[PDB]
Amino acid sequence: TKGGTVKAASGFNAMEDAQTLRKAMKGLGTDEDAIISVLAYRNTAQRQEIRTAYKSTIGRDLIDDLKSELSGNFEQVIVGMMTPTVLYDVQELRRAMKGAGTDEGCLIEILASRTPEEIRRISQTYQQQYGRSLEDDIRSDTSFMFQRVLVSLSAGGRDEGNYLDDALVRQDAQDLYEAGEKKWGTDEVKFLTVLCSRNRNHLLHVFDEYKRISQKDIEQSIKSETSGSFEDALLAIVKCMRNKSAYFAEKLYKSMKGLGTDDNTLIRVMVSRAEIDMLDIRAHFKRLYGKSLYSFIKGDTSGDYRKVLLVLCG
């Protein structure tokens, strides 16, 4: 509805930007403000043109220079901003799975929120970059019903388009109701099949019908009937089908509220959504939590890290 905070700059000069960035980094010390004033006011495509211009105008490599000059969370945001869109998702997935230990929250967030077309691009880029299957890595790094959900999302077999069959809607809702009657533990395969196979229009109709027949939101039933990462994956699917901007508002809230900060999630959401739907995310955040997103970031971060996140917020 409202769209991104970061837009293409109108008077963009890639050579001038390269000069500005080199001046900011040349010699002892850094003008971090100058780096933000350029990069946070260009879109991801424009940033790639600056990388090309920096090689031809400065005789140096921009990402290499920024990695050398910057540290910590600030470095992570800036390098992430500089990364092509699809590759950034690819790299986040790889980081989530590399070594023993698995960032399951990252896997859920990307695989439930991207469209099947985006997931296909991510899957192909991952394969090209690493010589590894995305699906095979997911299979190794997750288990049981959670694994099945993530493999399905990554394999891109969900029905597409918006064809609406009322009889099938009714059947799917009835099947989910029946799965909730069990005296023994839900029928988890049915949640898997419905939530991973059906098109969005169909699912929105199933959610409505499910509330009509059960008197509960499907989210409430998911929370009562399932647990662990599987529960989290099913909720993320439902939330992203209903309104992805709201889902991301919740993720930002969770990343900052309470004891500790999940900087990896904060950074990834702010970088990956700034150009897409940040104004909508802001609106939902305010409706949900009665505070501005800006003020959360302001109150929970500091330094140049805070400064760049606040520009990405608008």
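The numbering used is simple: start at 1 and walk along the sequence shown.
Annotation for 5-13 versus 287-295: the higher mean temperature factor (C-alpha) is found in 5-13. Mean CA temperature factor is higher for 171-179 when stretches 171-179 and 230-238 are set side by side in the entry.
For the set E109, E92, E75, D141, the PDB entry puts the maximum C-alpha B factor at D141. Ranking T186, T83, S113, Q127 by the C-alpha B-factor listed in the PDB entry places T186 at the top. The PDB entry assigns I218 a C-alpha temperature factor belonging to the middle third of its chain's modelled residues. Annotation for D262: CA B-factor lies in the lowest third of the chain's modelled residues. Split the chain's modelled residues into thirds by C-alpha temperature factor. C196 is in the middle one. In the deposited entry, the Cα temperature factor of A45 places it in the lowest third of its chain's modelled residues. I276: CA B factor lies in the highest third for its chain, per the PDB record.
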